[PDB]
């Protein structure tokens, strides 16, 4: 649309991902590969506010971005993920979320939002783009027969509404997570998804700051594939562009001129999954298309790197309390460390298999 959040702004690079990458690159032995790995710290990515413990980090990024903009004559933009719902990841075998519905989880989540808003409010010369709650609303389209999801539904909707309503008050541009082509892009899922997202947008007052939806977050789908990945058989929407081209008109019909962002951070290598639903640490993944507003789609504001490649999606250790068995499938790189922690061998392959090359 007319207002693409990224136009006219310089993205603030994550110093934390930058710190992870710098430490990772010096351990890569081939000198040509190590220098390519180091350059990954210059590629814009999203900061995951996966716990209240991450909020102080957010505050430093806003203030730093503000100072960098003044030092360079630029307007700065900070990219974040809101990812702390109570009973988070309701359909997963295991979740790392710190809040539970049964222990005032919604109230604790709303205080988490309040703390984030209180940071953002202090730095009005820094633009913020937020992805809202990966692995939440999508579960409420297709996974209502999972008891935890049925039991989480009202809390997910209330908590996401609180996030949208209150982040809008400080001018945050927001994209609700909307799964990916293999999740909500099945033709039969497009209408229930649109109905849910539209109800969410309406409950939050149709704020213009609610730009639309984020897709492929932490996944591996192509934006545009010349040949469908065999995992996609039965779904004519075999890539993200097909999914977005199908869903967007349903949102527009409701009066929401929605736009989209698409994660491509681990999409450089296609045809690496046995089944489409295999999501954990998929072996052989490569860094994908670099972030850009040159998307070639009327509906897509930016290609982005939301999931930071190299941070594990979960342990393959079946004895860990956080073990998700998806992370031990044959197509999951193993052994793998606990979710969020650095997975050095995975990062090195992401670098080696990057497409376009680094």
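Positions refer to the first chain, counted from 1.
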Mean Cα B-factor check, 261-269 vs 87-95, entry values; winner is 87-95
According to the deposited model, is the average Cα temperature factor higher in 330-338 or in 345-353? 330-338
From 296, 69, 291, 59, residue of greatest CA B-factor: 296
Out of 181, 102, 132, 172, residue topping the C-alpha B-factor column of the entry: 102
Report the third (lowest, middle or highest) to which the CA temperature factor of residue 303 belongs, ranking only the modelled residues of the same chain. lowest
For residue 221, does the deposited CA B-factor place it in the lowest, middle or highest third of the chain? lowest
Check where residue 27 lands among this chain's C-alpha B-factors and tell me if it's the lowest, middle or highest third. highest
Of the three thirds of Cα B-factor ranks in this chain, residue 279 occupies the highest
In terms of its chain's C-alpha B-factors, the third that includes residue 44 is the lowest
